[PDB]
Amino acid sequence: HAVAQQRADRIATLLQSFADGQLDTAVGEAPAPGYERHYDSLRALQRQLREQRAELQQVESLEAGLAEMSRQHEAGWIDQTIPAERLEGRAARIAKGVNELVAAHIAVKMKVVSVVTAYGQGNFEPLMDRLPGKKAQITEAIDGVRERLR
């Protein structure tokens, strides 16, 4: 009678904690045989709430990292990247993905600058890369510059 209520209150308290976002309490083992199923599920649920909390926090950090990277680049510090090494899982892969895509565009941009700077110096040895898709328009444009400049 007394124990039954106590064990019931314990389960209510643990569930209440989960609901309120208090995931630090250690669930532990069941008090008696008839509560094994309840506790098995409670422990499993807790592990899941903790994992999802961590993953969602990583995403929040990813948004802040992107925000700072954007701020840095608008200020001209284009070497700045999102510190993917400080993230993990999917958040880290997305961060690396953004860094690589931005880096790829910067590389094409600097290639253009490098080639035309040379033409400006009378050095016509360099040729713009042969780009695909819409980027092919850049290749033709720069070739046109070369032909006309000399």
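Just count from 1 along the sequence shown to find any residue number.
> Higher mean Cα B-factor in the deposited model: 49-57 or 98-106?
According to the PDB entry, the answer is 49-57.
> Averaging the C-alpha B factors as listed in the entry, name the stretch that ends up higher: 108-116 or 85-93.
Mean CA B-factor is higher for 85-93.
> Test of reading the entry: by CA B factor among the chain's modelled residues, which third contains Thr25?
It belongs to the middle third of the chain when residues are ordered by C-alpha B-factor.
> Which third of the chain does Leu66 land in by C-alpha B-factor: lowest, middle or highest?
Middle third, going by the recorded CA B-factors of the chain.
> Place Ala19 in the lowest, middle or highest third of its chain's C-alpha B-factors, as listed in the PDB entry.
It falls in the top third of the chain.
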